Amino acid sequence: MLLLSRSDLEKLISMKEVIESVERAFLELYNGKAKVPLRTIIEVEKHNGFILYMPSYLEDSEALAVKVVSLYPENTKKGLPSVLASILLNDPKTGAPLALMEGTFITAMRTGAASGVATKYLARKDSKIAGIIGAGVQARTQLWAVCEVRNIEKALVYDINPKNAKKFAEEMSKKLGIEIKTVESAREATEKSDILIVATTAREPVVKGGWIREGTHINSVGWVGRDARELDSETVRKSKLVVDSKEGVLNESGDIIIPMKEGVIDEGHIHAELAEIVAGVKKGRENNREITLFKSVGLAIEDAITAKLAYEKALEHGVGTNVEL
């Protein structure tokens, strides 16, 4: 078996590659060449956490992988990231395990790239100002993937944690070579956005629909269970809704389940799944005045296409350590 550490992975993969790869994974999913059973969620109520088991098999790409990822929103208080993951790659021909790789970095990369492909189809091409609510691990790759897809000029970041917003604005500004300024309310970041990035831990809405002007595109990736949401009901109803997967969002995302329980929206309010948009069967952004919202909770195909991408580059680069079991 081969081992790939976070240091190993950061070396191998870039966001432009991951954007292309996640896009192909969804095209493979639309053509009936993907087996993605709904992920299994075990809630650890005793320790305020979740653990998610996300297996998938992409038969054309021959990517047979499972990711074990956990969400503990209070982990940052113990010097630990909220999201920790591991990815296992198996050989489709024998079922033998091929690799164990650190999944935390890949989770952030594949999540940003998933919103990157959706941003290509749903965001105004002339978008230059991006607003970020929640300056955590996901927000960094979220903004990075948005910058790979649009000619972003300036970014606004709001967080309840002043350290996270400052560290984000400083470090990401040199990172992406764009100006990033911390703002001091979620209202301001939402009102001035051409593209809005929401990557929060909050269990109650932070984005009010009354702030969103026309022509803005929203990427929302936060998830803390089916009871939690970061967008109020007005935001969802007001937008042209695209989901990463209907089966996943409708079963896991309080951002959608709660407004439908209220009766503000129904299952038909979902315009399309991302797989239909990538395939060209369903259309993305059609005019300047619509407000587009991409709701993402995570799909296992993004881990498999990224893990096999990273695994095959390690072989070609001689990266990683071999182990016996």
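Residue numbers here begin at 1 and follow the sequence given.
For the segment pair 258 to 266 and 62 to 70, the entry gives 258 to 266 the higher mean B-factor, averaged over Cα atoms.
The PDB entry records a higher mean C-alpha B factor for 118 to 126 than for its counterpart among 118 to 126 and 197 to 205. The entry lists C-alpha B-factors for 107, 216, 219, 253, and the highest of these is at 216. For the set 183, 137, 101, 84, the PDB entry puts the maximum C-alpha B factor at 183. The PDB entry assigns residue 17 a C-alpha temperature factor belonging to the highest third of its chain's modelled residues. In this PDB entry, the Cα temperature factor of residue 225 sits in the bottom third of its chain's modelled residues, the lowest group. Residue 303 sits in the lowest third of its chain by CA B factor, as recorded in the PDB entry.
Residue-level temperature factors show residue 133 in the middle third of its chain, judged at the C-alpha atom. When the modelled residues of the chain are ordered by their C-alpha B factor, residue 43 lands in the lowest third.
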